[PDB]
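Okay, so here's the structure we're looking at.
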Amino acid sequence: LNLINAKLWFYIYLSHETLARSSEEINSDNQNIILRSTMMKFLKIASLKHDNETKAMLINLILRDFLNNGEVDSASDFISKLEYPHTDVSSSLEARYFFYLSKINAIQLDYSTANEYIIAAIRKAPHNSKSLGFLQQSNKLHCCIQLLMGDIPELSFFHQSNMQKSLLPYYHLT
Amino acid sequence: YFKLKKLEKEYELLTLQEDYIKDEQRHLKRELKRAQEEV
Amino acid sequence: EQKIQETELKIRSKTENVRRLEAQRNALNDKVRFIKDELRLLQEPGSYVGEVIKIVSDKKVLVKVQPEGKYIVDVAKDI
Amino acid sequence: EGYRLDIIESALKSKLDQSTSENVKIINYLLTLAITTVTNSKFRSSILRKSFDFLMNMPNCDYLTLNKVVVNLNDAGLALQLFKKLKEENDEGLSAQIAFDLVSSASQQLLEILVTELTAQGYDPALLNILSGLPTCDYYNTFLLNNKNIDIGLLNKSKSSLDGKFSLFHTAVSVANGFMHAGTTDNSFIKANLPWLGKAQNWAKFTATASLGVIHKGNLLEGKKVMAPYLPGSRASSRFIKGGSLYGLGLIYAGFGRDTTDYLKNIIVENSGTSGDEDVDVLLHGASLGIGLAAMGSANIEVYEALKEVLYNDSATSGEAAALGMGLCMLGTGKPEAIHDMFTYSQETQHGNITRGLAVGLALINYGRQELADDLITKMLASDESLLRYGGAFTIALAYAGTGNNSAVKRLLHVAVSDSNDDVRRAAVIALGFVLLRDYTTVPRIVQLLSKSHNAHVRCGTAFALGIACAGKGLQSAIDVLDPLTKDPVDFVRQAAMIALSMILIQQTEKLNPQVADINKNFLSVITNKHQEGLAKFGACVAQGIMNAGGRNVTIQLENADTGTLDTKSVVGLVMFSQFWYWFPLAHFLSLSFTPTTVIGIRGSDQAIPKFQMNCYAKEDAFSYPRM
Amino acid sequence: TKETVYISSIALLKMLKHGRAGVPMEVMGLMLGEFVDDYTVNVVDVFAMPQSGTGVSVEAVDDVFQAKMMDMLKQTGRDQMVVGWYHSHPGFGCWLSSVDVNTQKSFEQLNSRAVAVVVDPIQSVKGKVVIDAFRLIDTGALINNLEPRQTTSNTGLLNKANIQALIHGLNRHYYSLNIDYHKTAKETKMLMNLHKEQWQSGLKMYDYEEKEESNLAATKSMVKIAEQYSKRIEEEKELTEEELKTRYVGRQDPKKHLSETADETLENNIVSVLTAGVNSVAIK
Amino acid sequence: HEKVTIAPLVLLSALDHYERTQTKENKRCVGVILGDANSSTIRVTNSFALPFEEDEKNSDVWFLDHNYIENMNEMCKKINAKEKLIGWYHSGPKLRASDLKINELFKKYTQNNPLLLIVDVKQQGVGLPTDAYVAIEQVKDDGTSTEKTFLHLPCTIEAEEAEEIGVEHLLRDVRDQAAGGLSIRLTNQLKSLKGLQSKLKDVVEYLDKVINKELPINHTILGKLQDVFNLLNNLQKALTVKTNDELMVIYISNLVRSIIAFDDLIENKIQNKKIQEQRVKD
């Protein structure tokens, strides 16, 4: 069990958003069909007696791939297989659950639900290489939700994490 | 294969040793004040 | 087979809970027993406390009792 | 768990291999678990008959598999056909090849059918005395005598110390003398010096006369004839003496039921109407327990009816002894008629030993009933009386030796932990030692919590399981477990450890048990120290007498490694042996549980022991004669 | 040679109303029942003796008092045979009384089944009945040496000092017995349903909720006023930067300043759960 | 207030006499109580037994010894002279009317107010079957006459230093005294309603008694059963607006302070962490 980690294949999709050097092996993106079955290849390995831990981290990166590509209606069908006991949470998981999933509320048109799931983006968000890249998108989705129902505690409090110029138009929207 | 018959040894230990103490915890608490007030 | 693996996976899950049930039971075993120990330990009227002016080479010790005079007594094996 | 009859015959045809006896081991793998693993009685009865005729036609195969078949079926039909096919060869060693292992295999019901009923069936009349149980303890009379090497100075240290009244020196030393000389027919220790022989008390002479019910075991004419003045034609005193002569009389016998049939019956009938004297209760007490010999292993109405009139005399002496004989009348599945009668009389008599004796007999009536006996067990456990809860454990666990069932143990947990009563808690301890026979290492695990608390009976039930499964096998984890039980001045807690210290240390010498020297002081130096109580000095000779009984040649094993089953007299004898509360002189019942460890050779024609050189071990550092 | 004492529940507590809580100047009385000697002992019917200025005397032993009591045996239907007498003494360490034994000696030849059971009204405050018995030799080895108390191991008799070690030599005048208690089915669950803990409290519907008008606001004041102090004191004691552990005040100092405050929050939470909500049993 | 306090020995002393003579099935066992009470409060401790016999067909058959039974009180007078006769107790499983006729004979020997208890041979009810009677002249609205009748008052079982631990030492099995006792009492309160619901089933039979042949109707019972509607149910709905708010405040203060005190066990992980640092010598 513990010999398989979620960072094994995690470096694959990181090359897809570059759109400069790699871009699969071709611009047609016809190889992702095999990769789609390759991402789900470990889901079939997950069974009743197999994958009591890694199975938790399988659907995640697959579900994190559904932002701009892939069906997001299967996530409602993934609820049947979504029920599992949670073994443990170690370090960087807290920021890797609902970060990309904070955009699910951009479809169903819901508000109060966004308050509970926006905290997942700000928990242990800053890292060495994730301070510039992944921390900016945390407050961008956090500040807009603060204007949906509640209020913003301070305009300069968000500058320590995300650039104030990135959240500047949201301050004018206030 | 044959180990499956012996896998019920440690499996039945924790089940019989669980409810044995759980009920006793309420008896020892009640029997505590009996001897506590006796002295 | 799953019957072989599933049976073993249910051991380590319930192991930690049973260990603390015995610790809580043994914690109560040192209470009521301490209650019964109060019967034998209190059979004597009590103990005396005094100041030690000096010691000797006879494996005795001089202890000055406050209400009474000076008395040379014997120590124990722990001191 | 599949219970499919077709493949059992089909997969047998898939294996065509016919060493023929070694090939049966493959067949034996499935048929060995029919008792332990398989809990169904239909798997045993409706199947084993199929493979029965397969190995019977060609008389070359493993016969140990067929030995386990006739154990739990209680049917002599299979044992009847084994001797018919082997009769064609007319070989006394081939036909009796299976019959020699049927002593501990078949029950007492089959052994009686294999003696009288085979006279006209074309069976060897010279083989009749073998199936009756004679060539069992008779071989060990020499094994416990000529090979017996001990030191009298061990017992001579306690020979002259002080003269105890009640039982004490006239019992603890006498019962030790009973065990040590058991099988040797040596009475010389009792006749050593005159004065301490006649200074014994009333119930001390009850044990002194019953102490010869052990040393003389395995005899016929020498059983009751040792002491002349205690036999009819001469009398001694007006108090209890001869009661022990008939108390341990059946312990000497090999299971003969016709010797005590008419001798003990006429005494009960004459004393049935009214017992007003002391001498009337002397003969009636011993005649009530020993009358079960004629009712042993077979249904007997006369023993059941005759002992009923004894309970109407309002006497607690022979009342409980008559209750034991009534329970021994039915050994087997039993009948509900005799069960309801003993339950009704429990609300009539005012005596405690008789009221509890009716509950003890209920466990003996049902043998092998197990879950079907839960109706009677529920009725006994639902009553508020302490004496009415007895067989709620022993009745459940019989065939469950080795690998057991957690549901049977679970029902005994919440009952024993919630109630602090002595009779309710001690009852469930009986079934604990039967379930732990699977692994001796796991014995100080489940019941390990019993010694972690502080109490008399809570710590008393700890080492009872250590003297059963951990006795002959031995364990290195049982050392520190018995340490806190020794320091407790409570006698029953100290005696419980001394029972474990005696049984676990059986057959131990240098390099086997380096701690035997320190434990030795617990069975001797306790007599020297007068700060202890009577049972500490009483159990000092008794526990020491268990190890060296017969010269350390015998041990205590309930389940034999041959058939994987229990013994009739070994299991029932140990249950009532450990209870000193209501009846003190119960220490004599341990004689029926003695099983030695050796290998006995059998001659083909006359079935004797040939004299030759045996190959086992030539050194003293592994298995040798333990001594000082 | 050896016996065992069993006493029922009805015969257990009668005089102990006068003995235990009914102050000194104890009384005595007669016990009745049926049993068989050397095996079991039974006590059923009990009635006490009159009280005089000198306590136990000849007038209490005289049968003139018992003459009218024996007539009430057949009338009330409760009648048995004499199983002995009972007394009490204010916890004498050695030789309670030699007068009660003289009464036992004169009545022993006519019965020989009589058992003298005395109880200490002083040291019985713990709730356990003090076990003591005086009896003549049963079937004698006691004229020289014998051990009473069937199952001679049993349990240590405790008591104090003197008569514990005098059992061996004085066995002729002192016969030890272990007293045990028993009860039938009508004495077990019948009395338990009407007693349990405190009282039976017939008509359980009676409660304090019908008394609640101004006390409802008083309950709201108890869960606030006294609770606000437990909030500040808990932080005040923990603010100490000393620690150092070892001994110091740690026997129990912090309970009232730290841990009991958590219990003080619970004390007001217990009375909140006591009536809880909707204690009117549904309806409206 | 008059509150009868009964010692449990009274029930045990009579229980023995029920087994001896086999007195049951509409057979009353008369007895007398004892105590010293100069006030309205009645204290019942000691009790005697009166050898009474009656006929089942004829309720007017009664025989009671006057000065012959008082010999037990004379024998007890030398024992305890502080307590005198404060009343009497009977069985009355079907409540014979013989006690209604003569209140003088029992009051002649008892200087206290007349008191009549009930000890049944059964007494197996989960409720409070033991009942007390006070015989006085009470005005009845039934329209017949004003005569001496029974006045019901609640009673209980006495517990003193002698018998408090004595009964607990005999049982010592099921006690369970803790905060969890609410589930036992509130269920018994539901059983008390179900116990009275069984009494309401007898009220269902009370109408069948009117359906029976030639039975009268009690006007006093009709007065209590007439107010069962206007008292206490959609009538209370108007007051449920401000009533439900009082039940919510109990939940508000409870739930906020319940999650506080339970957070002081955090030291378990702190002490367990220090154990690993103490393993240098382990």
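The residues of chain E that appear here are 23-306 by Swiss-Prot count, in order.
Quick check of the header: electron microscopy, 6.3 Å.
Heads up, the Cβ atoms here are built off N, Cα and C, so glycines get one too.
According to Swiss-Prot, the residue from E:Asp93, E:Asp122 that belongs to the Zn(2+) site alongside E:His109, E:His111 is E:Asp122.
Listed in sequence order, the residues of the same chain lying 6 or more apart from E:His109 (Zn(2+) binding site) and placing their CB within less than 8 Å of its CB are E:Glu48, E:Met50, E:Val78, E:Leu118, E:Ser119, E:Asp122, E:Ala138, E:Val140. Residue counts for the domain 'MPN' (E:27-162) under DSSP (helix as H, G, I; strand as E, B; rest coil) come to 35 helix, 25 strand, 76 coil. Neighbour list (E:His111 (Zn(2+) binding site), Cβ cut-off 8 Å, at least 6 residues apart, same chain): E:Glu48, E:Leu118, E:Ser119, E:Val140, E:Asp142. Taking the centroid of the Cβ atoms of E:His109, E:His111, E:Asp122 as the Zn(2+) site, the other same-chain residues with Cβ within 8 Å of it are E:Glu48, E:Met50, E:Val78, E:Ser110, E:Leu118, E:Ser119, E:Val121, E:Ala138, E:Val140.
If you draw a 10 Å sphere around the CB of E:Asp122 (Zn(2+) binding site), it holds 20 other CB atoms from the protein chains shown.
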